[PDB]
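**Student:**
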Ligand code: CL7
Ligand SMILES: CC1=C(/C=C/C(C)=C/C=C/C(C)=C/C=C/C=C(C)/C=C/C=C(C)/C=C/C2=C[C@H](C)[C@H](O)CC2(C)C)C(C)(C)C[C@@H](O)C1
Ligand SMILES: CC1=C(/C=C/C(C)=C/C=C/C(C)=C/C=C/C=C(C)/C=C/C=C(C)/C=C/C2=C[C@H](C)[C@H](O)CC2(C)C)C(C)(C)C[C@@H](O)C1
Ligand SMILES: CC1=C(/C=C/C(C)=C/C=C/C(C)=C/C=C/C=C(C)/C=C/C=C(C)/C=C/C2=C[C@H](C)[C@H](O)CC2(C)C)C(C)(C)C[C@@H](O)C1
């Protein structure tokens with residue numbers, strides 16, 4: 191892996207590793223935060239986080 | 002309602018804080034920044050893939066495979 | 001131990017040693033056991049290496065740590081850095097094993113028949129040796145005696161080098177070395193003046209002169225601490241608990257270990273190449289390590305590599321333990337880490 | 001015994017030999033029986049080896065522990081370590097068997113003669129032999145007598161080497177040996193100064209002088225212990241119980257076993273090559289071994305190999321048993337080990 | 021905690037909780053300095069590990085070695101790196117500084133008293149009591165920090181002039197260059213009045229080491245004098261008090277000259293952003309201080325990086341904290 195800008199060239203494989211390392215870490219932090227932090231009333235009511243259907247909607251869009 | 006061992010291990014993660022939220026906006030402002038950040042990141046990548054942006058010494062094509 | 005406020009602390013088996021922190025007899029016993037195990041390792045692996053030794057291959061490319069160090073102090077190497085005989089190695093190992101047995105006997109005694117608390121012993125010669133974690137006056141004399149032993153060992157090494165002689169890589173054989181000693185020189189080394197970088201000593205005469213100076217320093221300090229109480233300001237500065245002294249000792253050990261690891265990595269007069277191998281290069285990545293100037297393929301790794309790399313991490317984690325025990329002695333509770341998240 | 005706190009402990013049959021720790025007559029009987037077993041081993045094994053002896057095969061190649069030991073101490077060995085006459089070995093084994101029968105008869109005699117305790121027996125002179133696990137005066141006298149016997153044995157060895165001769169691999173034939181006497185050289189072997197290493201003794205003269213010294217020391221110590229009660233500090237240091245004395249003896253025996261094990265593998269004089277085989281070399285992997293230093297192909301192992309390894313293990317486990325018995329006699333009960341994975345402290349006296 | 025915007029007690033804003041806690045704040049700054057000093061030494065050691073002798077520095081992608089080589093460290097005639105050990109020494113010494121700073125930060129966060137207002141009444145530590153309202157207290161802080169910065173600048177200049185000098189771009193090697201001390205000539209650069217005519221990039225068109233070294237001497241002397249000024253007086257003057265400021269605290273210009281924690285922070289942040297932009301211009305144009313023998317010729321990327329940082333600090337941070345401080349002046 192190399193963090194120099196040419197790792198963003200999609201045809202150079204050195205990006206992929208550089209991605210999955212850094213992004214991997216980004217998810218771990220992103221995991222830890224969500225494993226601890228609570229939502230916000232505003233967002234919680236807006237997105238209806240108590241209802242699994244919202245998870246379905248967002249996941250389908252992501253996929 | 003079987004009281005299994007694994008259920009004892011995992012019930013705290015399942016629904017200890019079920020239905021709890023902090024009032025107001027909380028961390029939502031900070032989230033905003035993150036979104037904008039990635040909105041640049043992805044955008045940049047797209048243009049780099051699109052050859053709109055040409056980074057120095059970064060030839061976005063099959064020639065960049067040189068070195069393997 | 002810290003035991004923030006609470007008394008009658010329950011320690012799980014995984015943290016078991018803390019239980020005996022408040023008994024002096026068991027404390028002594030445990031430390032006799034520790035030094036016994038160190039001595040046992042020394043002797044046992046002298047024998048182990050001798051058992052896996054070929055007088056044909058290069059010494060350093062064979063995985064060895066005790067034979068090269070014994071050779072560096074004479075004892076089996078004549079010239080050109082080749083081990084001729086092996087029996088003095090066996091004799092040294094046997095003496096180390098016997099000393100280990102004696103020390104372990106002392107430890108086992110302290111556990112069973114020795115007094116759990118020295119002050120409560122009837123002998124009243126044992127009540128002399130009792131100590132308390134808050135009394136710097138007694139710990140001063142303990143420190144003084146231990147410094148005396150350290151300085152005596154350093155002086156003994158000096159005299160053995162002078163009279164019997166140690167390896168001289170510049171000379172290429174075992175030589176009796178006269179001490180080239182001058183205070184101005186040693187302050188030049190201390191200030192790292194351009195001709196004098198203390199990690200690049202070139203003449204063992206300077207090494208042994210430094211050892212004479214260091215032995216004098218240790219003996220002077222030992223007598224000083226046996227005779228002179230700590231000053232009142234020390235009570236203001238330092239903390240008074242066992243964990244605090246553990247933190248100070250861990251800091252000192254980390255400092256010593258970093259110096260030793262770097263010394264092994266870069267010097268080649270104290271560590272002759274024919275014994276320990278070529279010099280190493282420091283290399284930083286996500287974590288530091290020392291790498292071989294010569295190729296490590298076909299030769300595994302040299303003795304110098306193992307010694308310096310091991311002691312770097314010994315020193316690093318000793319530093320981490322120093323921080324841990326310092327914070328513990330500061331009353332900081334680590335139960336705050338899995339508690340803060342709960343509050344958030 | 002120990003009986004932590006609670007007396008009148010009940011022992012299973014697996015640990016059933018601790019039942020007679022307080023019955024002096026039965027104690028005597030057990031130990032006479034054990035000594036009978038030892039001497040019976042010596043004689044019977046001598047005959048068992050003689051049965052399959054091959055003059056063609058070198059002595060150490062075949063599996064022996066007794067023919068080399070006899071051939072070393074004179075007893076029908078020709079020049080160049082040749083077993084000329086195989087009758088003296090038969091005579092030695094036979095005398096050992098007769099002695100074993102005598103000892104076993106005495107053992108059964110005491111196991112059935114009178115009371116279990118030697119205090120009650122109305123012999124009025126066997127009561128001179130009843131001992132205690134607390135009194136150090138009687139045990140000092142006992143120690144003195146046994147040391148007398150050991151010194152008398154060393155003296156007998158000195159005399160037999162002086163008159164009958166003894167094998168000398170350096171000479172190459174059985175030869176009388178002058179008993180040396182040089183306290184200076186004895187102490188120089190004590191220090192292991194570079195000239196003299198105790199495990200590399202080269203001249204049987206030095207061995208004979210050391211044996212003369214040992215005999216003198218043992219006899220003097222025996223006299224001293226018979227006459228003189230132990231000093232008070234020896235009551236301060238040592239506990240007074242049977243298991244404690246067993247622990248002391250076990251530690252001593254473990255040390256002696258390790259010393260003899262190292263002696264076998266290295267010294268060539270007192271363990272001649274033609275009888276026991278070429279010297280071994282000490283290896284240390286997980287546990288110490290003695291490598292044969294010879295191709296075991298079509299030759300098995302030399303007798304020196306077997307002796308050295310067996311006695312290394314005997315010494316090591318005698319040390320472990322010494323630790324066990326000393327730990328008990330000092331007061332430590334091992335049941336507390338079961339409390340290891342709990343929060344209760346794994347510790348007592 | 022001395023603020024009531026809407027979200028004072030939020031964990032993601034928790035640093036504001038140390039607004040008045042002097043001891044904890046001192047510890048936090050010390051730990052931060054530990055970070056700032058760990059990075060250079062660590063990355064210098066990492067760089068020296070992979071340094072190759074034949075290839076030149078601009079083609080190796082080193083971002084700390086060029087600045088060290090610019091000072092004559094481990095280089096000889098012709099501007100080629102000869103010995104790499106002094107870079108390693110610099111890295112190690114930064115490790116030492118970082119360790120000392122981290123030790124101090126740990127002490128003041130946990131062992132030391134949280135609030136110096138709770139110090140034991142002239143115990144060598146009440147002398148360090150400061151308050152975000154009284155001017156006199158903070159004046160001596162500014163004075164002493166100016167002392168340290170001035171001594172650093174003077175040391176740099178003195179080294180350049182007398183001891184071992186610097187790598188002079190024109191003379192092609194390391195030399196003790198004779199300083200230029202024509203004060204009008206030096207201060208002309210601040211308006212672009214370079215000798216070769218007015219130039220767009222102020223202070224950045226210096227074409228000789230003598231100008232820069234003379235400027236450093238001038239700056240050191242000026243900062244030493246200002247340090248004396250602030251340490252020895254500590255009293256507000258009609259420059260700070262009674263100056264025009266425009267703020268919705270009172271709609272329109274006012275001569276109040278208000279003082280507040282967020283305001284001090286905002287002025288400092290704006291200053292840092294401004295230094296960032298000035299350094300952007302410097303590395304863009306001034307190649308006397310950045311010999312392209314080391315930093316390469318094309319240097320638009322580094323200048324742009326500096327520009328972005330300077331804008332973030334000067335505009336973003338400065339505005340945010342200034343507005344918060346002015347609003348908090350409604351107490
Ligand atoms: C790694 C950083 C570190 C260093 C180097 C360090 N400590 Mg600690 N350290 C101590 C001494 C110490 C000394 C003398 C010392 C100097 O060398 C150090 N430390 C140094 C003790 C006073 C104190 C408690 C020490 C204590 O009880 O340590 C025991 C800990 C461990 C992991 C043993 C597990 C190791 C083996 C792999 C597993 C063995 C299993 C076994 C084979 C099976 C059963 C066999 C049986 C049936 C026969 C201590 C602590 C503790 C910690 C932590 C986190 C540390 N440390 C850390 C360090 C406690 O929780 C802990 C603490 O205080 O929490 C309350
Ligand atoms: C200020 C402070 C403190 C202090 C904190 C610290 C960090 C204390 C640290 C003390 C240290 C690190 C002392 C280190 C001393 C190093 C010495 C004395 C080096 C000695 C080397 C000698 C004497 C000779 C060595 C050779 C001898 C050797 C044989 C070779 O021939 C080479 C040759 C000639 C270099 C406290 C703890 C008191 C209070 C804190 O709160 C703050
Ligand atoms: C110190 C102490 C204790 C320990 C006490 C102990 C266990 C002390 C240990 C004592 C030992 C190990 C004594 C060993 C003595 C060894 C002797 C006397 C060796 C004699 C060997 C001789 C004479 C050899 C003779 C030849 C034999 C042989 C032929 C050689 O080729 C040559 C020649 C002729 C020299 C405690 C633990 C019990 C109590 C503590 O509080 C105090
Ligand atoms: C107080 C005030 C305010 C603020 C006003 C502002 C923004 C004031 C700005 C103040 C500044 C920017 C002061 C900075 C002055 C910079 C100086 C004095 C720099 C000197 C540098 C020198 C002399 C170095 C010179 C060299 C030295 C250097 C080493 C190089 O070799 C180049 C070379 C040789 C030119 C408001 C906004 C609140 C209200 C206003 O009305 C008044």
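Protein chains in written order, with PDB author numbering: chain b, 191 to 253; chain h, 2 to 69; chain 7, 1 to 344; chain 2, 1 to 349; chain 8, 21 to 351. Quick reminder that beta carbons are idealized off the backbone N, C-alpha and C, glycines included.
If the criterion is Cβ atoms closer than 8 Å, does the pair residue 333 (chain 8) and residue 292 (chain 8) meet it?
**Tutor:** Going by C-beta atoms, residue 333 (chain 8) is nearer than 8 Å to residue 292 (chain 8).
**Student:** I'd like to confirm the pairing. Which residues does DSSP put opposite residue 283 (chain 7) in its beta bridges?
**Tutor:** Per DSSP, 289 (chain 7).
**Student:** For residue 329 (chain 8), collect the residues of the same chain with a Cβ closer than 7 Å to its Cβ; drop the 5 residues on either side in sequence, then sort them by chain order.
**Tutor:** Around residue 329 (chain 8): 296.
**Student:** Nearest CA to the CA of residue 219 (chain 7): which residue from 175 (chain 7), 170 (chain 7), 195 (chain 7), 152 (chain 7)?
**Tutor:** Closest option to residue 219 (chain 7), Cα to Cα, is 152 (chain 7).
**Student:** Considering only heavy atoms of ligand 4, does any lie closer than 7 Å to the CB of residue 216 (chain 8)?
**Tutor:** No, since every heavy atom of ligand 4 falls outside the 7 Å radius drawn around the Cβ of residue 216 (chain 8).
**Student:** What residue range is occupied by the uninterrupted alpha helix (DSSP H) comprising residue 6 (chain h)?
**Tutor:** Counting along the chain, the alpha helix (DSSP H) containing residue 6 (chain h) begins and ends at 6 to 16.
**Student:** At least one CB of chain 8 closer than 8 Å to the CB of residue 31 (chain h): is that the case?
**Tutor:** By this cut-off, residue 31 (chain h) is an interface position.
**Student:** At what residues does the beta strand (DSSP E) containing residue 291 (chain 2) begin and finish?
**Tutor:** Where residue 291 (chain 2) is concerned, the enclosing beta strand (DSSP E) stretches over 288 to 291.
**Student:** Could you tell me the boundaries of the beta strand (DSSP E) in which residue 166 (chain 7) lies?
**Tutor:** Unbroken beta strand (DSSP E) run through residue 166 (chain 7): 166 to 168.
**Student:** Between 160 (chain 2), 263 (chain 2), 141 (chain 2), 30 (chain 2), which lies nearest to residue 107 (chain 2) when the distance is taken from Cα to Cα?
**Tutor:** Residue 30 (chain 2) is the option with its Cα nearest to residue 107 (chain 2).
**Student:** Skipping 5 residues on each side, what residues in its chain have a beta carbon closer than 7 Å to that of residue 202 (chain 7)?
**Tutor:** Answer for residue 202 (chain 7): 269, listed in chain order.
**Student:** Kindly confirm or deny that the stretch 239 to 256 of chain 7 and the stretch 333 to 340 of chain 7 touch, where touching means at least three C-beta pairs closer than 8 Å.
**Tutor:** With a cut-off of 8 Å, the stretch 333 to 340 of chain 7 and the stretch 239 to 256 of chain 7 do not count as touching, because too few Cβ pairs lie within range.
**Student:** Looking at chain h, which residues of the stretch 195 to 206 of chain b have a Cβ within less than 8 Å of any of its Cβ atoms?
**Tutor:** For the stretch 195 to 206 of chain b, which is checked against every Cβ of chain h, the residues closer than 8 Å are 195, 196, 198, 199, 200, 201, 202, 203.
**Student:** With C-beta atoms as the reference, is residue 65 (chain h) less than 8 Å away from residue 202 (chain b)?
**Tutor:** Their beta carbons are under 8 Å apart, which means residue 65 (chain h) touches residue 202 (chain b) by this criterion.
**Student:** For the beta strand (DSSP E) containing residue 174 (chain 7), list its first residue and its last residue.
**Tutor:** Its beta strand (DSSP E) spans residues 173 to 175.
**Student:** Measure the C-alpha to C-alpha separation of residue 294 (chain 8) and residue 14 (chain 7) and round it to an integer number of angstroms.
**Tutor:** Rounded to whole angstroms, residue 294 (chain 8) to residue 14 (chain 7) spans 56 Å at the Cα level.
**Student:** In whole angstroms, what separates the C-alpha of residue 259 (chain 2) from that of residue 94 (chain 7)?
**Tutor:** Taking the straight line joining both Cα atoms gives about 12 Å.
**Student:** Our contact map puts residue 231 (chain 8) next to residue 206 (chain 8) with C-beta atoms below 8 Å; I'd like the distance itself, whole angstroms only.
**Tutor:** About 7 Å separates the two Cβ atoms, so the contact holds.
**Student:** Please report the straight-line C-alpha distance between residue 303 (chain 8) and residue 170 (chain 7), rounded to a whole angstrom.
**Tutor:** Taking the straight line from one Cα to the other gives about 50 Å.
**Student:** Kindly list, in the order they appear in chain 8, the residues whose Cβ is closer than 8 Å to that of residue 40 (chain h).
**Tutor:** Those within 8 Å of residue 40 (chain h) in chain 8 number zero; the least Cβ separation is about 17 Å.
**Student:** Comparing the CB of residue 402 (chain 7) with every heavy atom of ligand 2, is any distance shorter than 7 Å?
**Tutor:** An answer regarding residue 402 (chain 7) cannot be provided, because it is not within the stretch 1 to 344 covered by chain 7.
**Student:** If contact is defined by three or more beta carbon pairs under 8 Å, each pair taking one atom from either stretch, is the stretch 201 to 209 of chain 2 in contact with the stretch 295 to 312 of chain 2?
**Tutor:** Touching, no, given that fewer than three Cβ pairs across the two stretches are closer than 8 Å.
**Student:** Under 8 Å: do the stretch 138 to 152 of chain 7 and the stretch 67 to 76 of chain 7 share three or more Cβ pairs, one atom per stretch?
**Tutor:** As far as the Cβ criterion goes, the stretch 138 to 152 of chain 7 does not touch the stretch 67 to 76 of chain 7, which means the pair count is below three.
**Student:** Could you list which residues in chain h have their beta carbon closer than 9 Å to that of residue 32 (chain 8), in chain order?
**Tutor:** Simply 27, 28, 30, 31.
**Student:** Kindly list, in the order they appear in chain h, the residues whose Cβ is closer than 7 Å to that of residue 230 (chain b).
**Tutor:** Result: 22, 23, 25, 26, 27, 28, 29.
**Student:** In chain 7, which residues lie less than 8 Å from residue 265 (chain 2) when you measure between Cβ atoms?
**Tutor:** Within 8 Å Cβ-Cβ: nothing; residue 265 (chain 2) doesn't reach chain 7, min ~12 Å.
**Student:** Work out the CA separation of residue 28 (chain 7) and residue 247 (chain 7) for me, nearest whole Å.
**Tutor:** Spanning the two alpha carbons is a distance of roughly 19 Å.
**Student:** First and last residue of the alpha helix (DSSP H) that includes residue 273 (chain 8)?
**Tutor:** Unbroken run through residue 273 (chain 8) is the beta strand (DSSP E), 270 to 274; no alpha helix (DSSP H).
**Student:** Our contact map puts residue 322 (chain 7) next to residue 260 (chain 7) with C-beta atoms below 8 Å; I'd like the distance itself, whole angstroms only.
**Tutor:** In fact, because the Cβ distance is near 16 Å, the residues do not count as touching under 8 Å.
**Student:** By Cβ distance, which residues of its chain are closer than 7 Å to residue 121 (chain 7), with the 5 residues on each side in sequence left out?
**Tutor:** So the list reads 115, 127, once near-sequence residues are dropped.
**Student:** Measure the alpha-carbon distance for residue 67 (chain 2) versus residue 59 (chain 2) and round it to whole angstroms.
**Tutor:** Taking the straight line joining both Cα atoms gives about 8 Å.
**Student:** Does residue 63 (chain h) have its Cβ less than 8 Å from a Cβ in chain b?
**Tutor:** Yes, because at least one Cβ of chain b sits closer than 8 Å to the Cβ of residue 63 (chain h).
**Student:** Is it right to say residue 206 (chain 7) is buried, meaning 16 or more other beta carbons lie within 10 angstroms of its own, or is it exposed?
**Tutor:** Buried, since its Cβ has 16 or more Cβ neighbours within 10 Å.
**Student:** Which residues in chain 7 have a C-beta closer than 9 Å to the C-beta of residue 65 (chain 8)? List them in chain order.
**Tutor:** Those within 9 Å of residue 65 (chain 8) in chain 7 are 282, 283, 284, 288.
**Student:** According to DSSP, what are the bridge partners of residue 284 (chain 2)?
**Tutor:** Answer is 288 (chain 2), bridged to residue 284 (chain 2).
**Student:** Residue 60 (chain 8): which of 102 (chain 8), 349 (chain 8), 84 (chain 8) sits nearest, CA to CA?
**Tutor:** When only C-alpha atoms are compared, the closest one is 84 (chain 8).
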